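Note sheet for the following structure.
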Amino acid sequence: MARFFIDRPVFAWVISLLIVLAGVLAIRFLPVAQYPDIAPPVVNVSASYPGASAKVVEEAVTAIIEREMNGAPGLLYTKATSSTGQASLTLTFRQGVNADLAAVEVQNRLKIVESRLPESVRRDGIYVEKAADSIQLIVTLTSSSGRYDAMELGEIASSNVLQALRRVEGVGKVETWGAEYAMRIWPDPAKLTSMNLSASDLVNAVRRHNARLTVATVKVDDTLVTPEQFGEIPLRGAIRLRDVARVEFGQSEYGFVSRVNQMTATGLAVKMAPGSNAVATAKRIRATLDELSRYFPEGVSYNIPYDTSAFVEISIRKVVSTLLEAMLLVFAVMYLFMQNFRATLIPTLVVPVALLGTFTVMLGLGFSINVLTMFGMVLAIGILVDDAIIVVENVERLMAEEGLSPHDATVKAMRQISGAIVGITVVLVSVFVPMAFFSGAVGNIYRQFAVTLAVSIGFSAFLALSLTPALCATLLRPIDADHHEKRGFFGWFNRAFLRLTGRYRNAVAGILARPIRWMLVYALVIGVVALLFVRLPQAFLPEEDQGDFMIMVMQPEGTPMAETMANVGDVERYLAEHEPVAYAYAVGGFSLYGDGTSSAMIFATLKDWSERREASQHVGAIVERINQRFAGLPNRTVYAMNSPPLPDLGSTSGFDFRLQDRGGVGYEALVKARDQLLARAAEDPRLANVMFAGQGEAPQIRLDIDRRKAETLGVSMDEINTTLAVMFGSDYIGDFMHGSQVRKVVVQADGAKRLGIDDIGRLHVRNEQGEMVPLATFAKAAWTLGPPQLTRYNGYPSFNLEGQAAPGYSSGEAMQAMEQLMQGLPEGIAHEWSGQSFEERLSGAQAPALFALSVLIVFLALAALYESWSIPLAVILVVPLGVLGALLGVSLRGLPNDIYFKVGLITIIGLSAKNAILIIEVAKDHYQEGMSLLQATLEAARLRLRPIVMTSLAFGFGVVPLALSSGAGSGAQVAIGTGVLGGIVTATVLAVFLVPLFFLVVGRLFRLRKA
Amino acid sequence: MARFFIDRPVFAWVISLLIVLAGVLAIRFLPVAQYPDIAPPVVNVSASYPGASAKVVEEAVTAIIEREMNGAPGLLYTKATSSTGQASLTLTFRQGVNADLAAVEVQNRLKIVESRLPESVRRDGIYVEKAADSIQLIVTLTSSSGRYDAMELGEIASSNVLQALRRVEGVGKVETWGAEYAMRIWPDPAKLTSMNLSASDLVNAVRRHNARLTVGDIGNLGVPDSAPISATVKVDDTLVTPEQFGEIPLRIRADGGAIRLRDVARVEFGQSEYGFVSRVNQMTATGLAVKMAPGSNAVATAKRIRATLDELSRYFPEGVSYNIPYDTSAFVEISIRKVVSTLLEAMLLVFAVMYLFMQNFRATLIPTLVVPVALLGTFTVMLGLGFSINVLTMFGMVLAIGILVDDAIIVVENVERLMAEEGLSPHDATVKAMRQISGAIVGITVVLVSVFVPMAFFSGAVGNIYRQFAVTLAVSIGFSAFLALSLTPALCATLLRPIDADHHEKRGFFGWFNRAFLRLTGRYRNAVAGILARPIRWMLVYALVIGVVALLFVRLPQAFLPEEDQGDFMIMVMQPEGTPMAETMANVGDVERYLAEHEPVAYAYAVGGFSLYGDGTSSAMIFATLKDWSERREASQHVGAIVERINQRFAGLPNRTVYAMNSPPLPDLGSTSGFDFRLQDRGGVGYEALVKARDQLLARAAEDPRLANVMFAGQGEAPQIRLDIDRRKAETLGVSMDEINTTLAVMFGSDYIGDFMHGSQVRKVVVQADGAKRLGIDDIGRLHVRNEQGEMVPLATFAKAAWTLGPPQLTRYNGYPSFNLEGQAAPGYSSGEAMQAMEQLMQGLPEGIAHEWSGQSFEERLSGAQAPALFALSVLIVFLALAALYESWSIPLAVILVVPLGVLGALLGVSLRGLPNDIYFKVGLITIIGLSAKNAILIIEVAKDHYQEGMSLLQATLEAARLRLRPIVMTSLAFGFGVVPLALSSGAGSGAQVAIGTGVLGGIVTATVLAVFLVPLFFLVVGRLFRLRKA
């Protein structure tokens, strides 16, 4: 199609302009994130059973819900945890299903068995949510004036900040943590002993008293549901202000302890709406917070102690800068060689248009701009530059070597290269597309953009076959005699390169003269590539310094909120002393529990990477100082999540072993079996570190209820629960503490401070008649060592076991070994692989199959291009040369065989394949002219030397910055750099000295002949 | 293309290899199903109202829910089954509606009307499952020996098998036909009355104790104050043992609450399901039904079910083995396999014919290479379009083979002509021949595709079926055309060697064949000249042929799809309602022993308490899987004869009426093998009047010869206690709440206090009154409803026994009371004829009684309407395409005139073997019309060329026929041989192949014999009448 566009420059210009406009609009509309969503759709079901035993919770809430959920469409697996007071059922759904529809179905299935569940949970209501536990940005309002209560600050936030943030563009939810104003019934612990508490009766009286008219403008506007109104409501001396309530309550609604750098604030979490540019949304939030800060009564200073958007923005900046600098370097190299400003301008114009077309296609398919997208964009710009530069170089050499006018030179050059261009486009497509077939969306994105960037070279089949030929036909002007080659650096460089080309041709002739030796050298290259590939660790994503670290203080099942705050303060002080933390906002609860008193979350934002340049000031080293040194206390399990990777799914050899099947075996029996299995796994060499992730059994106490005696007596079982409520009892609620606002009322013995332990099996219980009779007479409290949380997998109480494969042992091999080690365990116990293990069990041989398919397709396409069944074999043989350099560089650097490295290796393969195809095509053309194989090969090597050198130099120098990255996203950049740079260097040199040898060998072997 | 691919053989080979690889991958990814997916989205809303009769359930649950759902988007039709104690609502939505979204809408409407439903119904829960109503798979846990009893096997299945079966993808509903091992309590109404204790109060106390006890939130979390010990007191009073359930306290007297459950009830950890008795091959085993969700492939789902069962067996307790006694998809798999083998045989036969004619291995080889490439490309296109690997698509490929070879045959023959006559090099000969024949190839392909174009425009499920076949065939033909323009030219340019020096007609049998064909050609030339001598006579003969075609097509009966030997059937053993389960299973065992003794039955699963007609103690069904078709190759051992023998063996048994049916064809469309008829009652004529109309219609069906085995699916009325509760009395007495009435009714039925933790899972707690006491005639009268004030107010105050004959269940089809009248087509009468006979007899029934067809019958009526118009449109399109091809408005008329001969052949073929006008027949008719038109083109084009050259019209026709005898015979013979295995198929899937092959074979046979003697006549007559100009 080149001839058409060469004749119609305005046509090609129009096509390019359309592409550019589409790209601009696509960038305007494209979603932006750090990483694309890869996690399978997951539905979280949460329920709260106030004051319920973990075993009780498992028996009623967990089991029924889990059993009913079985049958939902595409329910890949079900995991359930039964803690005390609450239960969580994570339902992992197979990929391809819409999370929203799955959530609706889950809600309906919950409705099916709503009645069976206990009434208290029914009041609380089962909460179903699509798994989106991504708090991207956090806003906190500290007491700037030092005169604002935590609940007061929270009131200011909810009144103003809450709604405005909800209205802000791209905000999924703005859930809050700040403490509120709820009442807390605070009776003495002798209330039952002196007269009676019977708080159930008076709370029921509270609910009954609060009433509204049922019939129409007439209504009642009288309702007393407040601490002050509790002296006016009948609270059943007895309990009231008029009766004896005395100690009312305190701390309002005690909640998440929010301290921004040891300064009280209000917890206001924010999550980005899925599909919205995080950076731009952050900007919106910032402006809105400025306005609201001006609103604030000069005590509500807004602080951002956490914003993931910053790292996303800086990484995108790094990539975009890399693109711009690469274009600049391409300009530099093309000026160095061509020495014609217009010729320099041509590819500098062509390349961005193809990039914009890639952007358009990306928006069309729905792929979102992410660090993977942009990082691979930097991979294919070199390939983008390569095709434009080879086209324009072929055009200009004809203008120089011959006297063809720009139009004629363009026509002849396109006649020479066009078919090769088509073939190369097809080959690159067939080498990049197979990456999509992987069940990893990482590879899918790294495909889609790279595929449409080789089809940006296909847009170049509408540009480098349409626009670039047109531009060369018009922008290029005939060489000004030899004025382009003066006595300056440019001219000397040109002459020197001519001398170098002569030397190179002589060396290539020498190599061809003794083919056997150099083919043996190539076989040695194969061996070296193999051995380097073997001695290389495997990884999925290189972690980087996000600029923030998360700490969780796990403490014994329940610790006094004062004690938890003490430990939090200790951690915060340690961070403020020996760590470079810009903001160290601390929030109680949260962590794994979500509101657990023992649990505590520390969101600590590091300083700028510039001041933390020292390796000891890297997030890895900073987290290393935490979790030990200061941390590591026996009871105080303070662990810092070391920059949790945004795709929290990468696992090299993690084994999600689940001893799910109970088959009736007691919990004790399952514990025994778990111990035996983990010991044997440790013994077996195929297996590596094996742990029981479940928390070890903690000390506890049980109370065998005197239910039989309560049958004999007037004491009801609910009366026994009420007596517990008197002494060890809470979590009920009230309503309308402040107007329409619904708050809670909680009974607490001896006001706030009960200070009682011997209350266990000691308190008396007045019967239905009212006679004081200790339930301890027949009910007994006994010390125990029960488990903290009960985990059930797929409807079977399970012991989640996490293990890795031993060094050098295959992950699947180790999984088979795990199964065999289990084999022989007591009957009723079985295994069920989950997560990475489950997916691997489903299919793990996709990679070799699609690689072989890609090789076959490439061979067939090359056979079509060369019109022979033998010539492509050389192009196939070219491949390992590029791999050699990537392996060498990654080995010297010490970086692992990460996804970045693999994709860069594929890109290097593509570049070297393009160069080889060009070389061999030109050599074949010369041979078909009549020139002997040797001489034709030498001529092709001479001709296809300068474009290859220019391509390699430009791309390598563009990649060098990434290979020398300094923090702020350094990991991924250096992986990509190292890989691509090594591949480029070795690929280029070995190619220009071996591909002629390959063609010569094939020609001699298969007796290639003229047409 | 032609010259391009000729000059670059490597490129052509590369393209073909790419197509082959794509086909291989597509086959690897293509789904497999017997018939193209035609299942409409269906959602079954099931509810239970224990202690309520069919009338009570109808008026309290089914009516309200049906009214609410009425008006939903899509919702093609609504089927309501108000059984006694259970409500069923099958809502069938229109094809294409998102099943999940429809289910969501149903859930929303259920939410709307939930507040008006009985509270007990809410407690039981309304299960809205997007499932079908046909038991595709059965899983039976057989004990090795008496290690596990029925209850043990049922519990094991529920603990492990049930959840995993529900977990697999594609399953819609897993019915349980075993036991649940749930706490069974048996309160004595006599004892309760003697102690003046209401059963509801007992239920309340049991639920009270069953409820798990709780604690507070002080001493562990928040502010535990001085709690260094965890001291999170773990409630230890939950009751599991039946003794503990007995211990539950009841009304406490002055002496004490000595009255417990044990005093007035029998507590035992027995099974909860007493209404299902399952035996596999006369071996007691628990059973779990599996109904595939609509939209599932139902083969891969079966495979994954088998894999999951394998793993569970790996973890089964010693002595438990899973077994599948009834699988529908196995026939699908084996039939697809057989069709593939038939395709291979057809390829071999076509190769044989082409070698017999060309007599050169390479020239014969080229089309043989062409065939599979086109087939694989068609497979890839099918994958792109979503067409699954179906019997019709595979039929399309099998028919395609012979329609694909011909193009390559023509190309090769032209290349041979030029290479030999003009002494051209294979390259040059190929180039010139391709230059001359490319347009002809493209045109012929276009006409062929045109003939199939309208058949893709059918509507409905038959629309999908015809579309799949037609598109498959058309794509195959298009690929053949492309290959004949790309691959075949290259192969002829390179593979074809120059004609062997002095080719002495390949002396031998080939030489004899050539000489005999030359003599036959002379005789044929003389015959054609004789026909042309007196054109009027032979044209009159052709008009007579048209009349014969019309007569035959009128006589031919119309049907939907031929029945096949599925290899599995179902024996509905019906007993009078109320018949004890024990003797019902005894009769079922009699039937099973008869099966084992005489019939070739591999597996005979027998379940008592389940039937398509209804679920009851009398109801029973035997899912029997036959032995392999190879062992049952004898006609007497085919499924039909077996079913007839079973029916006759247990005929004349009103005490135990036994009816055997074959597995319903197209199970997705309908669950009834015979045509399904709904006798709805639009007008308020009345239930009794509807009964009278039903009986009258059934008598008419019995006397009508065209109808057989026409009966009411629902069981007859049984004498039952018609306990009525006005519930206004409940208002006056102070109860003012049906909840206590509901508790008493479910005490008569099955009351559930709640659930208790058992072993690893949670089992149920049931309180059913003792069997003898429960069946007590005046137990309801003697019992007292607990008043709101606790008063033992006599339940008889608003209880009226009033024993009366009552229907066991009620059916409301499309919001109208209806009676399901299933019927079978009598021998010698097609399904369409049987349905029309049912309609004719329906005329004369009283007003307000409306006839209706559902399932396959509805689709059959829909298919019948649109059949002729699309065929006429096919004829029109073909005529216009030919007119374009010949660049005249006269010449195409002859090619159109050719069609009736092929139609005659198809009609004769089906008439001789008694095959009705089914879907396969119409498909074969379309294909035959196409190929006959192709041959007519082949002859007429040469005739036209000769005429315009200067040869006289008669001379032109004669010479064209002489030159075309060999190609026409070759192509027709290739196609015919390719279709031969279909007509001669025997085994699983034999019926479909026999139908289509018979039609196509007859058509092609006449579309050649009649063609070679009338197409020249047609050309001569047209040339004379329309004065064809020599231009």
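Chains C and A supply the protein sequences, listed in that same order.
All the letters of the first sequence, read from the start, carry residue numbers 1 to 215, 231 to 251, 257 to 1031 under the deposited numbering.
Heads up: the second sequence begins at 1 in the deposited numbering, then just goes up one per residue.
No residue lacks a Cβ here, since even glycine has one placed at the ideal position from N, Cα and C.
- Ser636 (chain C) counts as exposed, since fewer than 16 other C-beta atoms from the protein chains shown sit within 10 angstroms of its C-beta.
- Between the C-alpha atoms of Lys130 (chain A) and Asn44 (chain A) there is a straight-line separation of about 6 Å.
- For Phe269 (chain A), the nearest beta carbon of chain C is not closer than 8 Å to its own beta carbon.
- Residue-level contact check: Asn741 (chain A) does not touch chain C, since none of the beta carbons of chain C fall below 8 Å from its beta carbon.
- Taking the Cα of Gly51 (chain C) as reference, the smallest distance to any Cα among A:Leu213, A:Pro41 and A:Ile135 is reached at A:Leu213.
- When the beta-carbon positions are compared, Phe316 (chain C) and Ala179 (chain C) stay at least 8 Å from each other.
- Contact of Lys191 (chain A) with chain C is not assigned, every C-beta pair being separated by 8 Å or more.
- For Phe569 (chain A), the secondary structure class from DSSP, reduced to helix, strand or coil, is strand.
- By the neighbour-count criterion, in which 16 or more other beta carbons inside 10 Å mark a residue as buried, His784 (chain A) falls on the buried side.
- Judged by pairs of C-beta atoms under 8 Å, the region 499 to 510 of chain A does not touch the region 929 to 947 of chain A, as fewer than three such pairs exist.
- For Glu822 (chain A), the uninterrupted beta strand (DSSP E) run begins and ends at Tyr816 to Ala825, by DSSP.
- Interface residue (Cβ-Cβ distance to chain A less than 8 Å): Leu744 (chain C) is classified as such.
- By the criterion of at least three beta-carbon pairs nearer than 8 Å, the region 613 to 622 of chain A is in contact with the region 566 to 580 of chain A.
- One Cα belongs to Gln948 (chain A), the other to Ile1004 (chain A), and the distance between them is close to 30 Å.
- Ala1007 (chain A) has a beta carbon lying at 8 Å or more from every beta carbon in chain C.
- Counting along the chain, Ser88 (chain C) sits inside no alpha helix (DSSP H); it lies in the beta strand (DSSP E) bounded by residues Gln86 to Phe93.
- Neighbourhood of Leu775 (chain C) in chain A, by CB distance below 8 Å: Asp225 and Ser226, in chain order.
- Under the Cβ distance rule, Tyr49 (chain A) does not count among the residues neighbouring chain C, no pair being separated by less than 8 Å.
- Ranked by Cα distance from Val57 (chain C), the options C:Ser88, C:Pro31 and C:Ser321 are led by C:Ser88.
- The beta carbon of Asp681 (chain C) falls within 8 Å of a beta carbon belonging to chain A, placing the residue at that interface.
- With 16 or more other CB atoms across the displayed protein chains lying within 10 angstroms of its CB, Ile401 (chain C) is buried.
- In the structure shown, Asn917 (chain C) falls within a strand segment according to DSSP collapsed to helix, strand and coil.
- According to DSSP, residue pairing for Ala620 (chain C) in a beta bridge involves C:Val573 and C:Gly608.
- Rounded to the nearest whole angstrom, the C-alpha separation of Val106 (chain A) and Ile65 (chain A) is 10 Å.
- Restricting attention to A:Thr84, A:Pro41, A:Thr193 and A:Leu76, the CA atom closest to the CA of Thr62 (chain A) is found in A:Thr84.
- Ranked by how close their Cα comes to the Cα of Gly319 (chain C), the residues C:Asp149, C:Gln809, C:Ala883 and C:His598 have C:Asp149 in first place.
- Counting only the Cα atoms, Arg184 (chain C) lies some 59 Å from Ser278 (chain A).
- Per DSSP, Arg266 (chain A) lies in no alpha helix (DSSP H); the unbroken beta strand (DSSP E) holding it starts and ends at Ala265 to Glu268.
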